[PDB]
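**Student:** Quick one: the structure is below, and I'll ask about it shortly.
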Amino acid sequence: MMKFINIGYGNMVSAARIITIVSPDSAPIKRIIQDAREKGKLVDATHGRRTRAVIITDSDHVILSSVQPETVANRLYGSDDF
Amino acid sequence: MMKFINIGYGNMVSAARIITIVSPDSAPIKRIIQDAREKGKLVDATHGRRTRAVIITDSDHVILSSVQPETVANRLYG
Amino acid sequence: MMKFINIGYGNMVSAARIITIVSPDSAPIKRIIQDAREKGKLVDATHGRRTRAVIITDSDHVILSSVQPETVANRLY
Amino acid sequence: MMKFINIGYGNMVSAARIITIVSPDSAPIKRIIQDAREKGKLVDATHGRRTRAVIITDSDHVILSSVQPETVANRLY
Amino acid sequence: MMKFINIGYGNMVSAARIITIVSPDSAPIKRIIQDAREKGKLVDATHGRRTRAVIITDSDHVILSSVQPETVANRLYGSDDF
Amino acid sequence: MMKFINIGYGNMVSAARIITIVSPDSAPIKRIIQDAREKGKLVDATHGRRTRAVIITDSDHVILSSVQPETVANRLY
Amino acid sequence: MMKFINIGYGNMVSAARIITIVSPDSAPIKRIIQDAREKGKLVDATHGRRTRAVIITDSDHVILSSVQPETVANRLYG
Amino acid sequence: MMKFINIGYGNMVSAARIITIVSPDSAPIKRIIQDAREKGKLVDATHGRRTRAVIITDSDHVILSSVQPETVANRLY
């Protein structure tokens, strides 16, 4: 198992700190993103590409990834695939 | 045991962070959902399909899932 | 050991998050239930059936079960 | 080792969440009970019988048991 | 190792929750006792006997024991002696 | 596995306290840096060189490293 | 490894609860002691003898010991 | 692995409580030192010798060491 997960373009997240990884489509997750953007808890790791996963950490940080949600989770074991 | 659980579509939840997984059929759980919506703690992972399970995590996040609660808990092992 | 306990009708609780499971038979736990209801911390998982166990979690959530307390704790295995 | 201890009549307490288990025979503990009662943090698991143990958990819940402290702690196994 | 320690007359304390066990003689510990007595965090487990150890737990509870401090600690392994 | 990671020039970070390590190339991260600077929570470990990684720890400390994120995470071993 | 450490006389400290053990020879540590005294977080286990070590635990308790810091840390193993 | 690290002159820190060990060479860490001094969170363990490492603990304590950061982390073993 990987302690740090690559969420795209070299950016890393500690697996032990993730609560949930989800699609950005719905309105509750978009409110969460905007609240984080406003409280300075948002991390944008998409490197300009399109957001495909929103990672919520236990410290109310919100991390935007260009990698799809389950691919992020799969990377806990080293590949995009499980 | 999996540490991340697919709760429907590609949405993942860390199993260690779950307090309870329940059906949304009662007034108290509905109050919990509305409260989480209003405070920016709701996560909706149903992709529009009907809510079958409500997952309460430990940071007071509430996650709506389209999968039955018992099916969510079995995915801990596969 | 089961990490999630079935508390009736497919509703699940994480065993590690339980503080106490008790009968709903006393004034203090009923004050705990009504407080949870007013504060939006109550979870009713009885599926319309008697409350036979009150589960208090470490987040001040209060979960009503149709299964009796010792039965809940025995389903840990 | 049990994760859940039967504190009498099928009422369960999580052993890891217990701070101390004491007899209810002193003024400081009785104030702890009264405070818990007023704050909605008291749980009464004595099923109508005399209190022989007061269990303090880490969430400042206070749980009354009809079983003496030593017997509560011995049921960990 | 004992998970619950007998601090005298059947009263039990969880070993994992103790921060410190100390003699009651000095003025800083007596202030701690009186503050706990006033905030309802004091537990008197001496069963009327003389206080010989003050146990401080991680939740700011203060527990008075009739057993001497190192005897309390020794009881982590089952006897008054190590 | 190392408990402490060298983030450059002999500066050490505890691997278990890291939440995320990211590049400093986006507006949201730069605000995180500026907030940390104003709050006395910023640590600058770049020894005078360009920032290539921003490490967020669980105590909301923010630590600037002259080493890219992937290289920081790879030094766990 | 011991989980309880004799810090002098019969006074015990849980090793897992210690943040740091230092000599009291500097102004900052003295401020920490006075602050703990005033807030009811000081524990004095020196039995009057001179303070050789200051033990900062994780609930902001400060414990004065009559034993040298390094001697306190070796008693973790004996 | 050593549970306590000697940071110079017998002063000890618990390795599990360290967030980061860094050189005192930048404006942000000096703001962290002075804030700790004003708030009563500073611990000076240099024994009157140069500060060569600043150790930030998870309780917002700040510990000044005469030993260089990488040396502190190497004494973990």
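Within each chain, counting starts at residue 1; across the structure tokens, chains are named A, B, ... in the order shown, with ligands numbered 1 upward in that order.
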Could you find all residues in range 2-69 of chain G that DSSP calls strand (DSSP E) from the backbone, and write them as a PyMOL selection string?
**Tutor:** chain G and resi 4-6+12-14+18-22+42-44+53-57+62-65
**Student:** For chain C fitted to chain F over all Cα atoms in order, what RMSD does a least-squares superposition give?
**Tutor:**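 Per the least-squares fit, the RMSD is 0.2 Å.
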**Student:** Can you pull out every residue within 7 Å of residue 58 in chain B, counting only C-alpha atoms, but drop anything in the same chain fewer than 5 positions away, and send it as a PyMOL selection string?
**Tutor:** (chain B and resi 17-19) or (chain C and resi 59)
**Student:** Measuring atom to atom with only C-alpha atoms, identify which of D:12, D:54, D:5, D:72 is nearest to chain C.
**Tutor:**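 Among D:12, D:54, D:5, D:72, it is D:12 that comes nearest to chain C.
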**Student:** Give me, as a ChimeraX atom specification, all polymer residues having an atom no more than 6 Å from residue 22 in chain C, counting only C-alpha atoms and skipping those fewer than 5 positions away in the same chain.
**Tutor:** /C:53-54,69 /D:11
**Student:** Could you write those residues out with N, CA, C and O atoms, as an mmCIF file, in the first residue's frame?
**Tutor:**
```
data_model
loop_
_atom_site.group_PDB
_atom_site.id
_atom_site.type_symbol
_atom_site.label_atom_id
_atom_site.label_comp_id
_atom_site.auth_asym_id
_atom_site.auth_seq_id
_atom_site.Cartn_x
_atom_site.Cartn_y
_atom_site.Cartn_z
ATOM 1 N N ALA C 53 -32.657 -0.982 21.542
ATOM 2 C CA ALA C 53 -31.325 -0.589 21.966
ATOM 3 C C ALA C 53 -31.091 0.852 21.558
ATOM 4 O O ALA C 53 -31.548 1.293 20.497
ATOM 5 N N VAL C 54 -30.377 1.578 22.402
ATOM 6 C CA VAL C 54 -29.953 2.938 22.108
ATOM 7 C C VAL C 54 -28.442 2.883 22.078
ATOM 8 O O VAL C 54 -27.815 2.438 23.048
ATOM 9 N N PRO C 69 -29.713 -4.775 23.130
ATOM 10 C CA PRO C 69 -28.307 -4.361 23.259
ATOM 11 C C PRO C 69 -27.318 -5.500 23.157
ATOM 12 O O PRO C 69 -26.359 -5.421 22.381
ATOM 13 N N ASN D 11 -26.907 -4.467 29.167
ATOM 14 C CA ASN D 11 -26.388 -3.168 28.756
ATOM 15 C C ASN D 11 -24.889 -3.243 28.515
ATOM 16 O O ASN D 11 -24.145 -3.791 29.336
#
```
**Student:** I need the residues in chain B that are alpha helix (DSSP H) according to DSSP; give them as a PyMOL selection string.
**Tutor:** chain B and resi 27-39+69-74
**Student:** Using only C-alpha atoms for the distances, tell me which of E:26, E:61, E:68, E:45 is nearest to residue 57 in chain D.
**Tutor:** E:61
